[PDB]
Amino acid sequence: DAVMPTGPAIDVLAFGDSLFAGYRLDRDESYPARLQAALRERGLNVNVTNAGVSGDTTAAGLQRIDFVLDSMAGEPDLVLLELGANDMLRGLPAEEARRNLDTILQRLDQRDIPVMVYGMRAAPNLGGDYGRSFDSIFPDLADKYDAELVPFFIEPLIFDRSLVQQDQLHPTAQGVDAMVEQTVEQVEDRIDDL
C-alpha cells in the first residue's frame, strides 16, 4: 500500500500555534510530524519543518515569520499558515487578526512562497458579531491571496471528546463558585481559629 518517496525533496513549513507545536505531546506526535509521515507514505519526498509555537497570536507570528523563513536552508516550497486561535481566545479584535494575517500573506507573496491557510472558528461565547468577523478572515484572505483554504482541521475534535486532552481543567465562573462552596467551611473554620 505504501509508496516509496521519490523525486527531489519538497520543503514544507508548518507555521502555527499549539495546534502545530504539539502541546503536551512528543514532537514526533505533533501534526506536522504525523502529516509528514502520511505524505511520505503516499510517495511524496516531503520534509515538514515544525514552526508551531504554543501561545502565538497572529501578531507574534508576524513578528517572527521573516526570521523563521530566513533560518531555513533555502525558501520552503509551501507554507502551512495556522494562526488566529489565540487572538480569539484572548478576545483580541478580529480586525487586528485579519490585518496581521494579511501582512503575513503579503510577505509570502513577496517571496513567491505558496501557502495553505488553515481556517479557525471563534468560540460561541464571543457572540455572533465577533464570530462572523473572525470566521470570515480565512476564506476572505485565501480568496484575496489565491491561497487554498484548509476548513477547520480540528473538526474531528468537536465530535469525539476522546480525541481531546482532558488532563487540564480550567473553571468557568460557575466552576469557581463550586470550588468555593466545596472549601469555604474549612477556610472559615481556619480563619475563625487564628
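So that there is no doubt, residue numbering starts at 1 and follows the sequence shown.
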Open item on the list: Averaging CA B factors per stretch from the PDB record, which one is higher: 48 to 56 or 65 to 73?
Closed with: 65 to 73
Task: 12 to 20 set against 168 to 176, stretch whose average Cα temperature factor tops the other in the entry - done: 168 to 176
- [ ] Name the residue from 29, 41, 148, 129 with the greatest C-alpha temperature factor listed in the entry.
- [x] 129
TODO: Taking the chain's C-alpha temperature factors as the reference, tell me which third residue 121 falls into: lowest, middle or highest.
DONE: middle
Open item on the list: Splitting the chain's C-alpha B-factors into thirds, which one does residue 80 fall into?
Closed with: lowest
Open item on the list: By the recorded C-alpha temperature factor, relative to the other modelled residues in its chain, which third is residue 182 in?
Closed with: highest
- [ ] Name the third of the chain's ranked CA B-factors that contains residue 107, choosing lowest, middle or highest.
- [x] lowest
- [ ] Sort the modelled residues of this chain by their C-alpha B factor and say whether residue 163 lands in the lowest, middle or highest third.
- [x] highest
